[PDB]
């Protein structure tokens, strides 16, 4: 059946904005996962998980009689899809159970792991999500095998369809670099937002870069991809050596024995895949990666044997029984147990990427320190495992249950507790009057609150106006934020704040974070007034102001908007057309297509464009809240053509006279071109739509101002 995608493969896809509708969700519209989890008997779940560890099923027998290693890998792959560039991937939505991740080569036989968990899932039902369960199982595997974890939070609600994520353009699984859709260019530069070296891998190739078994060059890939997953050298060493303290890899015969991945398997396979024709196809005969490595002398117990082995032997390149490059210890005795036959032992072995931890000079120093100070290794791995598994959960206010660590960690972008009375409605009215009397314009107030709030992204729940980080490095310096204008606004707001706070008794005080948002609201109110309309913009206080020391500057860089169509801003020239970037941004903001439409048309007329560009400002009453953008965009009296100087800027001329009326970008004009966007624009550009426009604009404005407000949610 030929589809619109087939006929017009490069047309914009809006369906990403209408994912996760109430239609596809089996739960009632009022289901609240947090409330269900809070009633879960977490202790009981953990007891059942402990029991499961050594309850081997014949259809996928447990290595060494303990599923712990398999489950640690499962949990680490759940979390390991995360990219700091967009916040997408990670463990937080349980996406390992849907396409494409359920069938990525690097997730081979994790289908078995998840199936082993169905009886527990079934038993506890909606009170524990798959997403939480995959991580909790990892934790319990560690604890069962003697490693004390740093903690655990619940609260990852399940999702019910695949996430729309760009994982790369290759059309061949595991394609090596330099192909027609290469994710690499130049001196091994990985394209943003990707954080893996090949299509269908979690981070790097365990044989080495493009299969070349060089630990030194593999280290480079490890460092780059782990950095793109928010991990530094210490965390990376701790995680790799920590993980590979447990379990084994599987490569007992040739890979050609392994059949279809789960999404390709027959219906009789009932959601499992990679059925293997090699011997028994499982257990002692398992084939997963094609490597056959067991790292330690006690693969089911926490030990310090990983670094003892790494440093205590010299290593020789060899091949697994499937033909994959791996390393064996020169001159070693057979000291490593077999997973199934107590009569068999094996020499120590390592992956190319394990050797990276010794042969990369920077890793070597950390690895040696961990070898010499095993308590440092244990603590670092515990902290890194918690970060790995929680990095996409967002503010600590979302963390649920009795095992949440009290310690506040920098990567959580912490916000101080509020310890004082909040401003009330009378106060908010007084502050808005003061803001409007200061001389700050509608454009300034709306621009600043937009800049503050629109850093949020729902993918990892980072960003937003809480914290007033717009006043700190690096947000205060971002070009999209108009640093000089922003400075002048914040100076004026801080003076208002100081005078208000100085007049209070009790401990009542307003945060700058709140005032920035309230001042935005006043701008929108004033804009509606300018247009002859009474309007009320909702405002909820309770934001607090974070410090610079609570704000990791390098982590914050990934939130910089290098494209924000809502301010008609593009920092540079990208391969991806700007209207595609607009929809991407709308998706991060959690906006539907109607919300995106209404919001952008209003921001244009309120003066939110970077640099006060006239592009898309289709009104003769700037700073008045009207539906002018839509009415003028859709006027057939105007003809549009790209400029000679710049094909991405368009001029709108009177069709009869040739007179220039407007200019616009791709982001502006897509609303008059895309057949679904234009249908939305028509609703807002109709003669009966002014009040609808205002009300819908206020609603979406408020939505954006509240995106990070999990203290209320």
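Positions refer to the first chain, counted from 1.
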(message) So, looking at the entry's B-factor column for Cα atoms, which has the higher mean, 504-512 or 396-404?
(response) 504-512
(message) So, looking at the entry's B-factor column for Cα atoms, which has the higher mean, 166-174 or 568-576?
(response) 568-576
(request) Return the residue from 242, 90, 247, 323 that has the highest Cα B-factor in the entry. (result) 323
(request) Going by the CA temperature factor in the entry, name the top one among 655, 50, 66, 674. (result) 655
(request) Within this chain's modelled residues, let me know which third the CA B factor of residue 293 belongs to: lowest, middle or highest. (result) middle
(request) Would you mind ranking residue 132 by its C-alpha B-factor against the rest of the chain and naming the third, lowest, middle or highest? (result) lowest
(message) When the deposited Cα B-factors of this chain's modelled residues are ordered and cut into thirds, is residue 37 in the lowest, the middle or the highest one?
(response) middle
(message) For the chain shown, is the CA B-factor of residue 61 in the lowest, middle or highest third of its modelled residues?
(response) middle
(request) Just say lowest, middle or highest third for the CA B-factor of residue 12 relative to the other modelled residues in its chain. (result) highest
